[PDB]
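# Tertiary structure, described
The residues making up each chain are set out below.
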Amino acid sequence: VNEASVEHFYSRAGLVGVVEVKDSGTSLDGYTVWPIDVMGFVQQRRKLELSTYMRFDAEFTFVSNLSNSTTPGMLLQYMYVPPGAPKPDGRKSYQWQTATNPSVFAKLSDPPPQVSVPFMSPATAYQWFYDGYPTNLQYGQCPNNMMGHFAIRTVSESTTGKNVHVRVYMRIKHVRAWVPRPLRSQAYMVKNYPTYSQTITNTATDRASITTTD
Amino acid sequence: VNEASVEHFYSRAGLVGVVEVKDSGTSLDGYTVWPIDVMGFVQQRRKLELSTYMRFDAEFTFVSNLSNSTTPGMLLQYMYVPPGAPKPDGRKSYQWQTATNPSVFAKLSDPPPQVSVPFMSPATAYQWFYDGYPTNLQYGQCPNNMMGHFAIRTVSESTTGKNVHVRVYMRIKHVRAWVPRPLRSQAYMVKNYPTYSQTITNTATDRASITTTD
Amino acid sequence: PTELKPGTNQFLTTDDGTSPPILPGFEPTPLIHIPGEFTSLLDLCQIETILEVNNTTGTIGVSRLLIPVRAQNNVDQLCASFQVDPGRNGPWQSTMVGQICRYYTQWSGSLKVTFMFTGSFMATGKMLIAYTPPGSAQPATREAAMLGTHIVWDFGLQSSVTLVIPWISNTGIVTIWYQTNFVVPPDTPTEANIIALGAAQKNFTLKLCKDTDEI
Amino acid sequence: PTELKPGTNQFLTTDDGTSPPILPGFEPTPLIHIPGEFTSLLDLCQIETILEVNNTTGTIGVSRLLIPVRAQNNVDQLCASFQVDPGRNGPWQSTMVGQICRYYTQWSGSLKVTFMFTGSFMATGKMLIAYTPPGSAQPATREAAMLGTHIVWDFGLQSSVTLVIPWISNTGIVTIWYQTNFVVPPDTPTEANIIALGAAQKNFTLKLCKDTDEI
Amino acid sequence: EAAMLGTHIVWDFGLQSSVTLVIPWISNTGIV
Amino acid sequence: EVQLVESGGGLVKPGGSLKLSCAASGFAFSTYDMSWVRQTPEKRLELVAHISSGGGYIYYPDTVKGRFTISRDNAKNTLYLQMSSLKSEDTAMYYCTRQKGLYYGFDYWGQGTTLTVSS
Amino acid sequence: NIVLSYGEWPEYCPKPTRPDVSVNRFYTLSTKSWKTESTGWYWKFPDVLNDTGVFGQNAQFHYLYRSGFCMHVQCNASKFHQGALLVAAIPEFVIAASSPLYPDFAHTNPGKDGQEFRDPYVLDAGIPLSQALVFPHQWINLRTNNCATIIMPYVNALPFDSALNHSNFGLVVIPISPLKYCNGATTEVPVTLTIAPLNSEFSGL
Amino acid sequence: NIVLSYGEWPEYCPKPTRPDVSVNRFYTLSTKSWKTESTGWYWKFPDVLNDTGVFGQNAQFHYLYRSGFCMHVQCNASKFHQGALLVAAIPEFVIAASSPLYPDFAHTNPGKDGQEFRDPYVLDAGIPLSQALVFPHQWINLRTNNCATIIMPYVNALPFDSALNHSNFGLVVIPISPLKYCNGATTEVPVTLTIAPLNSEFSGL
Amino acid sequence: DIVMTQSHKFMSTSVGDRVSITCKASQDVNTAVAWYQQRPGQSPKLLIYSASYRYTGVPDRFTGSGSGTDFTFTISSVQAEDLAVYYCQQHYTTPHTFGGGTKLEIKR
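Conventions and cut-offs
Residues numbered from 1 in each chain as written, not as in the entry; some residues may be left out. Chains lettered and ligands numbered in written order. Part of a larger assembly, values for the part shown. Heavy atoms only, no water. Residues with missing side-chain atoms left out of burial classes, pairs and counts. Helix = DSSP H or I, 4+ residues; strand = E, 2+ residues; numbered from the N terminus. Buried < 20%, exposed > 50% of the residue type's maximum accessible area, 1.4 Å probe, protein only. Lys, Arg positive; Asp, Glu negative; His and termini not counted. Charge placed at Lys NZ, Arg CZ, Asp CG, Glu CD. Disulfide = S-S within 2.5 Å. Salt bridge = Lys/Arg side-chain N within 4 Å of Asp/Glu carboxyl O. Polar contact = N/O pair within 3.5 Å; in protein donor to acceptor, adjacent residues only side chain to side chain. Contact = heavy atoms within 4.5 Å. Pairing = 2+ DSSP bridges. Least-squares fit on C-alpha atoms. Buried area = accessible area lost by both parts, 1.4 Å probe. Nonpolar A, V, L, I, M, F, W, Y, C, P; charged D, E, K, R; others polar.

- Per the PDB record, this model was obtained through cryo-EM at a reported resolution of 3.8 Å.

## As for the overall build of chain C
- Within chain C, the regular secondary structure consists of two helices and 11 strands.
- When its helices and strands are written in sequence order, chain C yields β-β-β-α-β-β-β-α-β-β-β-β-β.
- Considering only C-alpha atoms, chain C reaches an extent of 90 × 45 × 35 Å along its principal axes.
- The buried share of chain C, reckoned over its 215 residues, is 52%.
- The distance from the centre of the 11 positive side-chain charges to the centre of the 17 negative ones in chain C is 7 Å.

## Details of the state of the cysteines
Residues and elements named next belong to chain F.
- Evaluation of the coordinates by the stated rule reveals two disulfides over all chains.
- In this model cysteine 22 forms its disulfide with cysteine 96; the gap between the sulfur atoms is 2.0 Å. Between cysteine 22 and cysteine 96 the disulfide shows an S-S torsion of about -90 degrees. By sign, it is left-handed. Note that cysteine 22 is positioned in strand β3 (residues 18-25) and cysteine 96 in strand β9 (residues 92-99), a separation of 74 residues in sequence.

## Details of the side chain of H:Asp161
- Within the fold, H:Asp161 resides in the loop between β8 (147-152) and β9 (169-177).
- Put simply, H:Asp161 is tucked away with no salt bridge, and the nearest opposite charge, on H:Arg66, sits 11 Å away.
- Looking at H:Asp161, its side chain comes within polar contact range of the side chain of H:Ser162, at 3.4 Å.
- Residues in contact with H:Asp161, not counting those within four places in the same chain, are B:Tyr130, H:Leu64, H:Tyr65, H:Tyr154, H:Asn156 and H:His166.

## As for the pairing of strand β8 (residues 147-152) of chain G
Residue and element names in this part refer to chain G.
- Extensive coverage of β8 is indicated by the burial of five of its six residues.
- The pairing of strand β1 (residues 3-4) with β8 spans two bridges and is classified as parallel. Bridging across to β8, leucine 4 finds its partner in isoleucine 151.
- Note that strand β5 (residues 64-75) and β8 share six bridges and pair antiparallel. Directly across from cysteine 70, in β8, lies its bridge partner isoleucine 151.

## Some remarks on the relation of the copies chain D and chain C
- When chain D is fitted to chain C, the residual RMSD is 0.0 Å, and the transformation amounts to a turn of 72 degrees plus an axial shift of 0.0 Å. Such a turn and shift between the copies fits a five-fold axis. Among all residues of chain D, the one whose C-alpha sits closest to the rotation axis is D:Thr2, at a distance of 5.8 Å.

## Details of the interface of chain A and chain C
- Each partner contributes residues to the interface: chain A has 53 residues there, and chain C has 63 residues.
- Interface of chain A and chain C: buried area, both sides summed, is about 5,200 Å²; carbon and sulfur atoms make up 61% of it.
- When the area that chain A buries against chain C is broken down by residue, the three leading residues are A:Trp178, A:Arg207 and A:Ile210, summing to 12%.
- Seen at the junction of chain A and chain C, the total is two salt bridges.
- Across the pair A:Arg176 and C:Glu37 runs a salt bridge whose closest N-O atoms are separated by 3.0 Å.
- If you look at where chain A meets chain C, you find 24 residue pairs in polar contact.
- Of all the secondary-structure elements, those providing two or more residues to the side of chain A that touches chain C are α1 (6-9), α2 (42-48), β3 (53-65), β6 (114-117) and β9 (165-177) of chain A.
- Per element, the largest residue contribution to the side of chain A that touches chain C is five residues, and it comes from β3(A).
- Taken together, the residues of the side of chain A that touches chain C sort by class into 27 nonpolar, 15 polar and 11 charged.

## Things to note about the interface of chain D and chain C
- The partner chain C presents 17 residues to the 10 residues of chain D that form the contact.
- Here chain D meets chain C over a buried area of about 1,100 Å², counting both sides, of which 61% is carbon and sulfur.
- It is D:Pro1, D:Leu4 and D:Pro6 in chain D that bury the most area against chain C; as a group they hold 37% of the surface buried on that side.
- On inspection of chain D and its partner chain C, the count reaches zero salt bridges.
- At the junction of chain D and chain C, the tally comes to three residue pairs in polar contact.
- Taken together, the residues of the side of chain D that touches chain C sort by class into five nonpolar, three polar and two charged.

## As for the sheet that holds strand β3 (residues 19-25) of chain I
- One open sheet holds the four strands; their spatial order is β1-β3-β7-β6 (chain I), and the pairing between them is antiparallel. Among the strands making up the open sheet, the edge pair consists of β1 (4-5) and β6 (62-67) of chain I.

What follows is the structure, encoded as structure tokens:
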């Protein structure tokens, strides 16, 4: 009876997205920027749309290693670009320092970094469904949900030969949900819009007749 | 209403300067001395000149690694030369030991060193604007603001082949500000003097007429 | 002066730990009262949602929600039947409790099933709704059904009726029999349609969260 | 007997931690009272600073601070106008509140805008100062303006006047119309100059520190 | 749509078989 | 397809200053880093200056450091090079190139313009 | 008899003007005809009142407002007709497009005349209809009751928001069990609607 | 009417000699003529009193002092002149040089005759003028008031400091709105200044 | 800086033949190197960058290989259009540096 609570139901930490720097091979750029998308996986998306308005603090962790699952010591800079501030142009761009961009310097050898993001939205809660136009690409888009981009880079000075994979985990604390919504039957087409395929799929799997059971 | 406080406004830690030992290539010297300059970056300089007199304790951190962003264990000596004591001549100079020069011995493998400097000035507060001569190069120079040079060197005995970059972060605690000053419109020419370019730049971006808006 | 136990540096996926605030002295936008806050899924299981009892082949859509009933010129016949497992694939997939019981390995508790009658105001008849305990096959003919649990439901008087099933654990059958012919005065549509509504009672419980296959 | 959590050795840029004193037993030079201590930026937003309403092309300098007003031999004309966004590029960049609102992503609260009249003691006239709410275009002619918010400002009597704007969140226009001709006795300069002063009210607030682009 | 903005009453047969409309005023002109 | 043109190059006497301006069309011009490269009469090639895509980072070699200046305008699709105090060795032909980052190879090269420092 | 949405009465939020007076009167929208083939309708107000009455005169010229609605739907049919309707008020109702790409603006804000569903089974929002009872709803069952009434308070994240952009919610009428009538009976059963905004406010003329 | 700088009255700091007596008298500096073309003036005292009076006899022969000032600026013009001045006392006033390198000593300590600004818009310190109101200031507006008065206490880090080196602050008079007058009126409007040091102290003869 | 030196200021071959040029690094550059084609009176084109990988559109007869401080640029089949000066680059670190150049010779 305590596992039906909305607080426990959203509890556990999960994989929000996998990003890669890849500075070694044909792509030498040497950093990456990962806009925070909680909807990333269609499984995590279908449990969120259950509720229309929800207010929660997030907590992150970055599990990193090379392509060998081998983790030698080499330094990484995890920066958090808050919503409304400019993004880094290139691996040396002066945005990588500033002041106001909170950063985390962690070697690979260390156990994974961890950090806690507060509630960033202007409105008193997030909205997963916003009717009406922000001011037809525009229809139903919340401008106020952006949580920031978590730009990453490897401090070591020039062109290491090592592509560094990294995984990003999220978990939701202190969650509070408002008016409920029925779960989605139809498959998803694209990320930001509900649009569903022409051909409809039934909700229940058919049987022989209105009568026969099993 | 708590993010407008002068204490929070100067809070966050930032990059005061980047120094390099470079004992490997054409320059074999093997150490460096970095006079503490809070004004180092024109961004941090424009927020300080907001206030004329201010009194604060500082706290430092040194994030170090090789040119690969690779951090093998090798020993470093971070020494702090207090204001008014002689500087090291060369990597073996007897100043590197003495007594009164507080030092920090930290391997690269360890997480970054950290240390807390007190308030060093004779006067009850720093002065970012001092009129009048200390006794025309002299005009407007505070002799009493020197905070010390943070000389660094790598203990390993002779000519390692490794140039070691190092970054230096500062954050300001317990700050107290006095009489306010308007922000600087004109661009900076040189470090220690206000001197501004001949050609003046307007403060506001012009429009078509006194009338039209947007 | 401490020692480190064997479990030091592991990162455990369900951590329930603490973490540094990334932006100290930041002020979230304060709350205001928003109506409707729901604190637990176990209230949603208690609201009734239309059930697909039809779900046959080629039934297209929005016609799958209702079971047809007409004058079949036969006194004792089996109108429709469906087993009572909420989680198991079948009719109950269209309910609510059907869906959020795909997210939990085990459930329990009583269920409630409600019927409506859409037919015209003049029509009259009798349906015998009979429930079979989970360890038995569905009845042969009503004389076997009326011996078990049942309620005779009459149109002209009672337009909706509720059948509480006693128990389910983690199977049972409810059938709908014609008790009498379907009788109507002249100039009236001859066939009605019955819709069903599933819901869970108060004591329904869930256990051991698990992610689902629906998608 | 302890275990180490996943966040051990990270160096977090906004640390709010503690550090060893490098020189123990050292005595800072003690305080003395210095007048003027200011504890928060939000007092600076409340002092008025000259505003550049002119900011046109080729206006050189120190002439950008004041709007000219003369006898234009026309009764109803638009003297000058400027939108009310403090952060947005424009006139407000010369104020104080204009500058230290470039350091914060969001602001709010009422503003205050004050006018002075520099003309000679003999001169007389009437200006109609009208403010437009943020969701509308600036008025066509005064008959559209005098219907909105406005105050008629008279020279010979009142040499300075204050207009509080009700609200701003993170857009609005204030215009200055000639109500009547500019009337002067003989041997008097024919054109005056009006200067404006912006300031923030008590309830003005700031949020989410950010470094700026001004430099 | 112009009428329902003015004075009006919706009158329903199956329930109410008679209904009364008081006109506010007449002096010595108006339309229903 | 793509066009990199330059201008301003020509004979000049020692000490003078000259602005080489490069103009581009046929691609999105704010998404690429840019650079200058000069080819000595011996055809020895060497770098000149570098700027990031959005103006974040600007790099100068040690020889030209402080003597030159580079800037770009994403609105005008131009790349400007302000260069003064010309010595003898500053004569060579200057190419206007394009990159996707710091360490990517230079894919395109302007037709190049000569420069000459003499009395 | 009456369904208070989410168990609350709409109320003021303690200078915004309170019109009261003549925006508290009922408005009677045009009468939709429910045939045997017809499927669904929806409205999505604050929209429907933007043109009509003195209300639209407030909502067009004000930059912000707060409001709450009392809506009443009744269906006149003789006793020889059968069939049933589902009436539900679904907050934050965002529709979608079918694919073989966004919904045309005529489908987003229909106006006072409502709109027809393309796919009532999925609501044309993608969610199934069987579960749409989770929203506040009332059954109009032509052998029992002919009227359905709902009071929906003001539900939205911000205290105030504009009428020309964010449409606070929507309303659906879906004939779940189709209409049948014996020969000679009237072919169409009319459906009418009535809305009476409660506790409205406006600001920023 | 009177602006106390930073909301305080200058006071003694509880053997330094307190002269009182004849260093409390007003001093009347030479009268500057404000033309239509003229721009700005500044003084930067303790300087201005180093030569004059008995005060300069104290400040030259003492190694340390503490002081505070009451300064009064008034402008005599008939009612047919227009124009306005800004009067502000800006502590720790450090000037700069234009470039196409340091300011000549005549610009650092002008003396009793003040100095003209090269660039009044930027104050020739680099900071904009629009914001210079952040310092204690008073408006002299030739249609309203002809006088401006300021009391500036002793503001400096150390308790005492010498008069020949550190100039505690400065004073500016900038004609923000230029002067215009109809033909025949007097061509120049004079500006005068008066300073009366308060609570002075001296030590180390 | 870091100097990239090429062994041969000239090499001779004929059409259909196979020629391969080297490059030598002042220190360890990892795999970062690039090879350029400068035809007479023309802007030098990019061919092969970062050891083996070749830029989009370069014909397949152009190959390269190496690692560390020793590199190689291989022409499977020489053609007429192949006459021009070649250069090797170091993009491993800033500042970039180019080789002295190598000129082919077709002797008939």
